[PDB]
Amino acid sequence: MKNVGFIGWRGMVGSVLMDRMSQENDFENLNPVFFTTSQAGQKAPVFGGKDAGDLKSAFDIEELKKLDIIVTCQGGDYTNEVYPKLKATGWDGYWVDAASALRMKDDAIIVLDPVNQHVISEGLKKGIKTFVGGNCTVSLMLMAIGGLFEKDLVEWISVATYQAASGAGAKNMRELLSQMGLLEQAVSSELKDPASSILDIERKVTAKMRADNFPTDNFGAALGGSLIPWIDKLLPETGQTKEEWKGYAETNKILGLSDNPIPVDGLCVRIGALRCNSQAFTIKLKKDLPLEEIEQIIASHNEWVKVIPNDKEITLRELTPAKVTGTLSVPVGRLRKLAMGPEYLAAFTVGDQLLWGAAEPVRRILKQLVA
């Protein structure tokens, strides 16, 4: 069986990949070899009921060179380090990555098979050996409205995101939780007392949120009870942040439309959600079609997207992070025409950023590479 190496299997994304792989018995048709950046020699974990020897150093090129496929969830720093060194040896195996590091490489293909399988297979024949997961937000967007691009109905998409703390890292999720606790703690008794003044409570919660002893070390500002309309670094040439820039760059590379690119732009905002990224869309369509047809085109693209009817009770129950968290479902709703015209479509979607937005496309390309 093909020898597959796993790097970053212990991380947050890695842990999700391991769990998903165990659920689908992905360890059956492959020989697993586990690496580490801090536990070399130690006893390798037990997945798929198998027993790898001891953890090998993720930096041992000779060891890696023996592998047919490398699946990494370690991070960009690691990849930019080892990858060039491994290729420099002549190694011709496959490199499956969850980090963005190699996404825009001329010899790398961004994978999201339920959306761009043709691009993938084509790359495979062509000799492409590097496959990278796409930006979580772009991935979730395409899993929700892929049918529209599939039908070549999209002229341009305007996006406003509602991104979870989890997308920034495990330490960021923990900071959000700490902030939420401190906010309630600041007015614990006042909340219990029905006679208390709501303005008195707000004043106290706002003061705590602005206090020096309020944990903001990771976001650079309060997230719980607030929001941050800026994610990643600035791009001086356009004014977009790197997260916003990915919409255009990655959507078109995933779909293979670099020759006739579709404008995808907007604002990415971080909010107090744990691990589900939500998005509001203003989709300018190339033609005016019945809303019911639009819905079917969307719902039939893949089996994970789930159209949520534009009803209050149903929306509150199905189109929220609280509902989607930990599932492979990609609900999209609030679908209707906008006032600008019949070609303007409104849509809101929610999706788990660690599954389709991270571990799932990786787990899937791997399965396709092996048995």
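Sequential numbering from 1, following the sequence displayed.
- [ ] For the higher mean C-alpha B factor in the entry, choose 176-184 or 98-106.
- [x] According to the entry, 98-106 carries the higher average C-alpha B-factor.
Task: Comparing 143-151 with 206-214, the one whose average Cα B-factor in the PDB entry is higher - done: Mean C-alpha B-factor is greater for 143-151.
TODO: Please pick out which of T282, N135, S300, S121 has the largest Cα B-factor as recorded in the entry.
DONE: Among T282, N135, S300, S121, the PDB entry lists the largest C-alpha B-factor for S121.
- [ ] Just grab whichever of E190, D232, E81, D265 has the top CA B-factor as deposited.
- [x] Highest C-alpha B-factor among the listed options: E81.
Task: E295 - Cα temperature factor, lowest/middle/highest third of chain - done: It belongs to the highest third of the chain when residues are ordered by C-alpha B-factor.
TODO: Could you tell me which third, lowest, middle or highest, the C-alpha B-factor of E243 occupies within its chain?
DONE: Lowest third - that is where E243 ends up once the chain's C-alpha B-factors are sorted.
Open item on the list: What third of the chain does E24 rank in for C-alpha temperature factor, lowest, middle or highest?
Closed with: For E24, whose C-alpha B-factor we compare with every modelled residue in the chain, the answer is the highest third.
TODO: Comparing against every modelled residue in the chain, figure out the third that the C-alpha B-factor of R336 lands in (lowest, middle or highest).
DONE: It falls in the middle third of the chain.
Task: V269 CA temperature factor, ranked by third within the chain - done: Within its chain, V269 is a lowest-third residue by C-alpha B-factor, going by the deposited values.
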